[PDB]
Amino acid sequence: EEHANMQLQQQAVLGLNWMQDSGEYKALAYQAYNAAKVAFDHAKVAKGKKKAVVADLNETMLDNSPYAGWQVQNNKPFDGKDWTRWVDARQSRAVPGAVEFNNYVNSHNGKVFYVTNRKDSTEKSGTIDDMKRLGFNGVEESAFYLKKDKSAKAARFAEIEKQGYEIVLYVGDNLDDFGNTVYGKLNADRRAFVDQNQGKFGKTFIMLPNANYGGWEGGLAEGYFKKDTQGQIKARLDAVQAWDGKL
């Protein structure tokens, strides 16, 4: 139903306005990357290891907000086929502070590896072209660990370690950018993971804000991503914690 598709995407509007328009969002991005630089400079690795930083791409280093804007304007639920066209459009922007941090790491005895669920086979060329244009250094193909068979990222982190790197910090907008332990899990388990790692945030796990999509959306309900549009609307509304209006 077109009506349900409209309601689902209207529910994204305020979060999108905040990400696209607010100074507050930019300030959070700068805060994250300022903290990331401090952590990188402090990091020491085991003898014989090279220093790596793992960075997510979408909503961490690359800004895809115009795709979300297109969803709102056209009442379109997320579809990977539309996403591939967006990537091919080569209109990605950079998250504030990301290019400077990336280039600083790469010029100060580290290497940033991009562990991202952009698709290796169909989305790599647009990604590399956009990153070059946006000013990122170190965007040769071997820096990239784009999605092949698995969306969970831990196996790619392990590949990087096998190449003689010690990962000193991770940057992401999704908890699944830090490992697999809450991949596919509901939000209660995801909050618990965060509580169990409270001291790492702003140190070895660097967070960027994303109020539009991610593992937290799936985390709203069992089987969320397999529900129809009406079901997803209901899942979102049922997750709302509301004051009853009484004293």
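Residues carry their position along the shown sequence, with the first being 1.
Novice: Could you check which stretch, 21 to 29 or 233 to 241, carries the larger mean CA temperature factor in the entry?
Specialist: Higher mean C-alpha B-factor in the PDB entry: 233 to 241.
Novice: Taking only the CA atoms, which stretch has the higher mean B-factor in the record, 209 to 217 or 65 to 73?
Specialist: Per the deposited B-factors, the answer is 65 to 73.
Novice: For the listed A192, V53, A35, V45, which has the peak Cα B-factor recorded in the PDB entry?
Specialist: Out of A192, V53, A35, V45, the record gives the largest C-alpha B-factor to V45.
Novice: Compare the CA B factors listed in the entry for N117, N137, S92, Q163 and report the winner.
Specialist: So the option with the highest C-alpha B-factor is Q163.
Novice: By the record's CA B-factor, is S142 among the lowest, middle or highest third of residues in the chain?
Specialist: As the PDB entry reports it, the C-alpha B-factor of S142 lands in the highest third of its chain.
Novice: Where does the C-alpha B-factor of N102 rank in its chain, lowest, middle or highest third?
Specialist: It belongs to the lowest third of the chain when residues are ordered by C-alpha B-factor.
Novice: Can you tell me whether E59 has a C-alpha B-factor in the lowest, middle or highest third compared with the other modelled residues of the same chain?
Specialist: It belongs to the lowest third of the chain when residues are ordered by C-alpha B-factor.
Novice: Taking the C-alpha B-factors as the PDB entry records them, is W86 in the lowest, middle or highest third of its chain?
Specialist: CA B-factor rank for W86: middle third.
Novice: According to the PDB entry, is the CA B factor of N174 in the bottom, middle or top third of its chain, that is, lowest, middle or highest?
Specialist: It falls in the bottom third of the chain.
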